[PDB]
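Contents: one structure, followed by commentary.
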Amino acid sequence: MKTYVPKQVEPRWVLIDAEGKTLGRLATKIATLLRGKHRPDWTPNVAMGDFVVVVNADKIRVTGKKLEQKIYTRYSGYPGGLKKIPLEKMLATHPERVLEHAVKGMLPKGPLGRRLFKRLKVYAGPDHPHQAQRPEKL
Amino acid sequence: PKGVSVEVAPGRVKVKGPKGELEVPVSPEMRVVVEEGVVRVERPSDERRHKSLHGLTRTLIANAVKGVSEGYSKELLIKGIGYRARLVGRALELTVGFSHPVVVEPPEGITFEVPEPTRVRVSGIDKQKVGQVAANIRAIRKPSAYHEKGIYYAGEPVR
Amino acid sequence: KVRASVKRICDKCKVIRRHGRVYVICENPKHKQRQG
Amino acid sequence: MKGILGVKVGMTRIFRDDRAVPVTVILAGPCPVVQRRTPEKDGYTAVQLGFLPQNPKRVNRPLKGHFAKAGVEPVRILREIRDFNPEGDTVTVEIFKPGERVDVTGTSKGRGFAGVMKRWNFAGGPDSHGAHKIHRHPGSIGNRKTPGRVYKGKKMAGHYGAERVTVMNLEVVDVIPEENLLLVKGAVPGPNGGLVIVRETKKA
RNA sequence: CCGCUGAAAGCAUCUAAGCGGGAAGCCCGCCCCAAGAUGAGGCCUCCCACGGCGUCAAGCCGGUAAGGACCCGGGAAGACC
RNA sequence: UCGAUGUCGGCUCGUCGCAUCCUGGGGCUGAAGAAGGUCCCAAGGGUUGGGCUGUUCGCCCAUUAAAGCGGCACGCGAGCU
RNA sequence: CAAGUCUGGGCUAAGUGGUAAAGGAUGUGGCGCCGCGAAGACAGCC
Numbered sequence: 001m002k003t004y005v006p007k008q009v010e011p012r013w014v015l016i017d018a019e020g021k022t023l024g025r026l027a028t029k030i031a032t033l034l035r036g037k038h039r040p041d042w043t044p045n046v047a048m049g050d051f052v053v054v055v056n057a058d059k060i061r062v063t064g065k066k067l068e069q070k071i072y073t074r075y076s077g078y079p080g081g082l083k084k085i086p087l088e089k090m091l092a093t094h095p096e097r098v099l100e101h102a103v104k105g106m107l108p109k110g111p112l113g114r115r116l117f118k119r120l121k122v123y124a125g126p127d128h129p130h131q132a133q134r135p136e137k138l
Numbered sequence: 012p013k014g015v016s017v018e019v020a021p022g023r024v025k026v027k028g029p030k031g032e033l034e035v036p037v038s039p040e041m042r043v044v045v046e047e048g049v050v051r052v053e054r055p056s057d058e059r060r061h062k063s064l065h066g067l068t069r070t071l072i073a074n075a076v077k078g079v080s081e082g083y084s085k086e087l088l089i090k091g092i093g094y095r096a097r098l099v100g101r102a103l104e105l106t107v108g109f110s111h112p113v114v115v116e117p118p119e120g121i122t123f124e125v126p127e128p129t130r131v132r133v134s135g136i137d138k139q140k141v142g143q144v145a146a147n148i149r150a151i152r153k154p155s156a157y158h159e160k161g162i163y164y165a166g167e168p169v170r
Numbered sequence: 002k003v004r005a006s007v008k009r010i011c012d013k014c015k016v017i018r019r020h021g022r023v024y025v026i027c028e029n030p031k032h033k034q035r036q037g
Numbered sequence: 001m002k003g004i005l006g007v008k009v010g011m012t013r014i015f016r017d018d019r020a021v022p023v024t025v026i027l028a029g030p031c032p033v034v035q036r037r038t039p040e041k042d043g044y045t046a047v048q049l050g051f052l053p054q055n056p057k058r059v060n061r062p063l064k065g066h067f068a069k070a071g072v073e074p075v076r077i078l079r080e081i082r083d084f085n086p087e088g089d090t091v092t093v094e095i096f097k098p099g100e101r102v103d104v105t106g107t108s109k110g111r112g113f114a115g116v117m118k119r120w121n122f123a124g125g126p127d128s129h130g131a132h133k134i135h136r137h138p139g140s141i142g143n144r145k146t147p148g149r150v151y152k153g154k155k156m157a158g159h160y161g162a163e164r165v166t167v168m169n170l171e172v173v174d175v176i177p178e179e180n181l182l183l184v185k186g187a188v189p190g191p192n193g194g195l196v197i198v199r200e201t202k203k204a
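Residue numbers (the entry's author numbering), protein chains in the order written: chain BN, 1 to 138; chain BH, 12 to 170; chain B9, 2 to 37; chain BE, 1 to 204.
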């Protein structure tokens with residue numbers, strides 16, 4: 001029996017922006033990084049994930065007609081409290097929110113699921129307000 | 012076409028002439044740079060999309076050329092009794108049976124002319140614009156009212 | 002006007018798809034149809 | 001956006017042209033601007049004014065002499081007045097002219113644990129015919145198995161009043177500079193002696 | 001819903017490239033809540049020291065500082081809070 | 001579901017659907033004007049007070065811009081009748 | 001969410017896929033077979 005299992009992993013920072021990238025097809029990769037899943041210590045119960053800084057958000061391309069068409073949704077607990085917002089407008093404001101939402105949904109839903117999400121740092125930009133290393137990934 | 016000048020850029024094509032310049036925005040399914048003592052356009056793959064664009068692009072460019080060597084044109088006949096028009100600065104105060112006359116400020120690179128008091132014409136380098144503006148005027152009081160009153164192109168009514 | 006069977010009503014009338022929808026336009030406006 | 005801290009003093013009516021016009025008097029003592037927010041450092045722009053002068057130097061942590069007229073900072077504290085940036089040494093009532101229109105904000109009277117049918121005007125039960133412990137009660141509050149719950153926001157009984165209220169577009173009827181006084185079209189939130197703020201209106 | 005310009009389709013077409021109009025409806029604007037917005041934000045101003053002991057900064061007690069509680073007089077605040 | 005799921009209507013409180021009764025757009029009209037008809041888009045807001053019947057509904061009186069039709073266990077009796 | 005953002009060839013532009021019919025349509029693509037064209041009108045001004 002081997003408990004190959006690691007001792008506190010020295011986490012990685014990464015800068016990433018294919019500004020003209022399909023969201024999702026980006027977001028999918030982001031997530032993989034967020035769980036230490038490229039790395040061969042993958043440890044499911046732990047968060048030995050990376051830190052991922054998306055710069056130059058907005059810009060994200062997307063296929064077919066998904067402005068006025070993709071519709072983001074918020075139910076405030078009230079009567080009549082569904083809100084529907086086209087993607088146009090999300091870009092038009094809170095563009096940094098578009099990429100985030102897409103990534104979130106692809107991470108696991110528990111408490112760790114939540115904790116990894118906070119290891120993702122998204123900026124419509126560029127310029128990323130933390131110089132703390134950043135092996136840029138392409 | 013003579014005193015007029017066609018350069019080429021990526022998705023753009025610039026047409027200078029005696030009356031002004033215009034940019035025609037054009038599809039990259041084409042390889043058109045200043046060509047001959049005239050100007051031609053072709054298209055790749057005989058597909059749906061291309062076939063359509065070809066000929067469109069032809070025309071857009073054509074109407075851009077006529078523009079710059081004078082292509083003003085376009086004229087409106089106002090009909091009915093009390094109705095008439097009147098130039099004011101470069102604006103138009105046509106009075107057409109509403110209780111208060113309708114003033115029409117001119118957009119950029121366009122000139123109204125009030126030859127008569129019941130004829131009006133729109134000057135312009137463009138054509139898209141001209142044609143629009145004339146519409147906006149017509150709309151002020153479209154015609155048809157079991158006949159006669161209102162404002163008309165040179166196109167004509169049906170009993 | 003708004004019917005699930007739009008057809009040509011006359012030879013001046015004309016069938017036109019615009020913006021997802023099948024219309025018809027004649028010279029005379031009684032002939033104007035839109036599919037729905 | 002003009003505006004000044006002030007105190008509701010109470011109301012009467014005067015006569016205009018030849019008609020009785022009810023007014024509430026406001027005392028808008030001059031208001032020492034004690035900080036200015038800029039967009040540069042604070043993000044947004046406004047002016048923090050002060051009001052009720054007197055104070056036995058109870059200034060402890062907010063010594064904040066910092067701005068000229070730190071003149072022992074006001075009892076009734078100090079508030080901002082959003083987009084507003086004037087003659088940086090006090091705000092009088094000369095600010096306003098008669099005729100002008102203003103929005104007034106203050107504190108509605110504290111009604112305590114209100115019934116429904118006061119908090120909300122509900123219909124209440126019949127004074128007779130029908131049984132007898134449901135006269136001021138609210139009736140039903142739902143359906144049944146679907147949705148099997150009460151909705152958020154249901155008008156119900158509780159703490160009512162003692163809350164901010166902005167009544168809008170009041171006529172300024174007269175301004176007494178001499179006394180820092182101010183007359184308007186009567187009926188402004190809150191009780192007499194009570195704090196209010198007084199801004200140019202929104203019909204433009 | 002109405003148009004401008006406009007091919008595929010020498011004509012025609014509000015449309016396939018583009019461009020204008022257009023609803024008490026959608027978004028913002030107005031009023032009120034709102035950073036437990038654990039993503040817990042900003043600005044102003046204040047008090048600053050180890051004094052004694054662990055594995056060496058509390059995971060340390062004991063006095064403190066700016067400040068804050070308790071107790072008391074009350075209040076168009078309030079069931080109590 | 002019979003070792004119990006109170007079973008019409010009324011009141012009180014609502015909230016939703018649109019197949020829209022007003023109000024806002026609009027195209028046809030056997031549309032002169034005014035007023036209709038018909039279909040299309042549109043619930044944001046509104047959608048009265050009485051006589052008769054337990055009534056639902058309905059008919060009637062007087063109004064109205066209008067006097068919509070439905071769902072919520074024929075919504076709602078640990079809320080009342 | 002374990003294992004292919006695997007290879008080769010097509011369709012489709014509706015988010016169709018992501019659940020409905022009679023019936024409508026110069027929406028697309030692929031196979032067919034005839035009209036009939038220097039007795040040079042298929043569409044556009046004599």
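Backbone N, C-alpha and C fix where the C-beta goes; we use that ideal spot for every residue, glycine too.
- Here the segment 3 to 15 of chain BE lies against the segment 68 to 84 of chain BE, with 3 or more beta-carbon pairs under 8 angstroms apart.
- A Cβ of chain BE is located within less than 8 angstroms of the beta carbon of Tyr78 (chain BN).
- Between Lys97 (chain BE) and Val196 (chain BE) a beta carbon distance of about 19 angstroms is seen, past the 8 angstroms cut, so the two are scored as non-contacting.
- For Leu182 (chain BE), the secondary structure class from DSSP, reduced to helix, strand or coil, is strand.
- Runs of beta strand (DSSP E) with 3 or more residues, each lying fully within the segment 104 to 137 of chain BH, are found at 113 to 115, 121 to 124, 130 to 135, listed in chain order.
- Under the Cβ criterion (8 angstroms, minimum of three pairs), the segment 79 to 90 of chain BN does not count as touching the segment 41 to 49 of chain BN.
- The segment 76 to 93 of chain BH makes contact with the segment 152 to 168 of chain BH; the number of CB pairs closer than 8 angstroms reaches 3 or more.
- In this structure, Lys77 (chain BH) and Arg132 (chain BH) do not form a Cβ contact; the two beta carbons are roughly 16 angstroms apart against a cut-off of 8 angstroms.
- Taking CB atoms only, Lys152 (chain BE) has a neighbour in chain BN less than 8 angstroms away.
- Taking 8 angstroms as the cut-off, the beta carbon of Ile26 (chain BE) is found no closer than this to the beta carbon of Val165 (chain BE).
- Of the other Cβ atoms in all chains shown, 16 or more fall within 10 Å of the Cβ of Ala145 (chain BH); this residue is therefore buried.
- Judged by DSSP in its simplified three-state form, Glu88 (chain BN) adopts helix.
- Secondary structure of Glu100 (chain BN) (DSSP, three-state): helix.
- In chain order, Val15, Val79, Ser80 place their CB closer than 6 angstroms to the CB of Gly28 (chain BH), counting only its own chain and leaving out the 5 sequence neighbours on each side.
- In this structure, DSSP gives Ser63 (chain BH) a helical state, which the three-state scheme calls helix.
- In this structure, DSSP gives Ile26 (chain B9) an extended state, which the three-state scheme calls strand.
- In this structure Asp17 (chain BN) is buried. Its beta-carbon is surrounded by 16 or more other beta-carbon atoms within 10 angstroms.
- Taking each of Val188 (chain BE), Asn169 (chain BE), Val198 (chain BE), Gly190 (chain BE) in turn and checking the Cα distance to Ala204 (chain BE), the smallest one comes out for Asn169 (chain BE).
- When DSSP reads this structure, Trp13 (chain BN) sits in a beta bridge with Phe51 (chain BN).
- Distances from the alpha-carbon of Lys70 (chain BN) to those of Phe51 (chain BN), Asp58 (chain BN), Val98 (chain BN), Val52 (chain BN) put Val98 (chain BN) closest.
- Between the C-alpha atoms of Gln35 (chain BE) and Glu94 (chain BE) there is a straight-line separation of about 21 angstroms.
- Inside the segment 65 to 92 of chain BH, DSSP marks no whole alpha helix (DSSP H) run of 4 or more residues.
- Rounded to whole angstroms, the gap between the alpha carbons of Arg199 (chain BE) and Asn192 (chain BE) is 19 angstroms.
- Contact between the segment 37 to 49 of chain BH and the segment 112 to 128 of chain BN is absent: fewer than 3 CB-CB pairs across the two stretches fall below 8 angstroms.
- Straight-line spacing of the CA atoms in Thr24 (chain BE) and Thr201 (chain BE) works out to 17 angstroms.
- The Cβ-Cβ distance between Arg115 (chain BN) and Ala47 (chain BN) falls below 8 angstroms.
- Shown here, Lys31 (chain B9) sits in a helix according to DSSP, grouped into three states.
- A contact between stretches requires three or more CB pairs, one per stretch, nearer than 8 angstroms, and the segment 9 to 17 of chain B9 fails this requirement with the segment 116 to 127 of chain BH.
- By the CB criterion at 8 angstroms, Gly99 (chain BE) and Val172 (chain BE) fall inside the cutoff.
- Between the segment 153 to 162 of chain BE and the segment 101 to 114 of chain BE, the count of Cβ pairs shorter than 8 angstroms is three or higher; the stretches touch.
- Measuring C-alpha to C-alpha distances from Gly82 (chain BH) to each of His158 (chain BH), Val141 (chain BH), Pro21 (chain BH) identifies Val141 (chain BH) as the nearest.
- With 16 or more neighbouring CB atoms inside 10 Å of its own CB, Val103 (chain BN) falls in the buried class.
- Cβ atoms of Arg22 (chain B9) and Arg9 (chain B9) stay farther apart than 8 angstroms, at about 16 angstroms.
- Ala114 (chain BE) sits in a strand when the DSSP states are folded into three classes.
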